[PDB]
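Written out below as structure tokens is the structure these notes cover.
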Amino acid sequence: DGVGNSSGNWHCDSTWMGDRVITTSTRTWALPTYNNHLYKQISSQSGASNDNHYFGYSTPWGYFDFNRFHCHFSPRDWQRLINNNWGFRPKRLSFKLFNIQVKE
Amino acid sequence: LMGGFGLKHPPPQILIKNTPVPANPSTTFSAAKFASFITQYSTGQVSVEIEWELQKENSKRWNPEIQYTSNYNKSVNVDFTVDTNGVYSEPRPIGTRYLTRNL
């Protein structure tokens, strides 16, 4: 452990064991500071249409969404799964954040 | 040159024949061999089973391959299927080279 020792290794791979396929994907992210570190409520501007009114809060926090497929599957890995298989469901996932560096 | 696996010891040939059955030999003896037999044939099933070994495809190519796909357009007769008179027909020759390995 330390500033000099690296926390994690880049893993991007897809292995097809037999019944199960394990898809791994790694990316590099950058997180700004939102709202200058303070909550704010937000609401529909003046008025527009009865349907478009909204009320809610905007937090400084930010989040990861991998919810799309093509994150995990390369177009070729998609082609294998799609052509050779009737059905697929997920089983278990694992998430990892590493090599964080803060810049001022 | 045509194609396939050159073998030094190929699958051995299987030869088959109906044993000839003589027909009504005359009573008095004659040395000349029989010129007339029962007319007969035989039939039955044959079962061939081969065990193939494969080389699994392991590649990292990003974009999708080329595959062998039967076209989805509507047609009078489906390909690789019997026609209305029962005659099975192969529409086109199918080569084996589609997947791509880098040289």
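Going through the structure tokens in order, the chains are called A, B, and so on, while each chain numbers its residues from 1 and the ligands are numbered from 1 in the order shown.
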Which residues are near segment 85-93 of chain A? Cut-off 10 Å, only C-alpha atoms, ignore same chain within fewer than 4 positions. Put them as a PyMOL selection string.
chain A and resi 19-24+80-81
Within 12 Å of residue 93 of chain B, counting only C-alpha atoms, which residues show up once you throw out same-chain ones fewer than 3 positions away? Write them as a VMD selection string, please.
chain B and resid 68 79 to 80 89 to 90 96
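In this comparison, which uses only C-alpha atoms, the residue of A:55, A:63, A:10, A:69 approaching residue 42 of chain A most closely is A:55.
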At a cut-off of 8 Å, which residues of chain A touch chain B? Count only C-alpha atoms and give the answer as a ChimeraX atom specification.
/A:74-76,79
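Taking atom CA of residue 40 of chain A and atom CA of residue 60 of chain A as the two end points, the separation is 8.7 Å.
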Which neighbours of residue 58 of chain A fall inside 12 Å, counting only C-alpha atoms, when residues of the same chain fewer than 3 positions from it are skipped, and could you give them as an NGL selection string?
:A and (34-43 or 55 or 61-62)
Just how far from atom CA of residue 98 of chain B is atom CA of residue 14 of chain A, in Å to one decimal?
21.7 Å
List every residue of chain A that DSSP, applied to the backbone, labels as strand (DSSP E), and write the result as an MDAnalysis selection string.
chainID A and resid 13:16 21:24 40:43 55:58
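The spacing separating atom CA of residue 57 of chain A from atom CA of residue 33 of chain A amounts to 16.1 Å.
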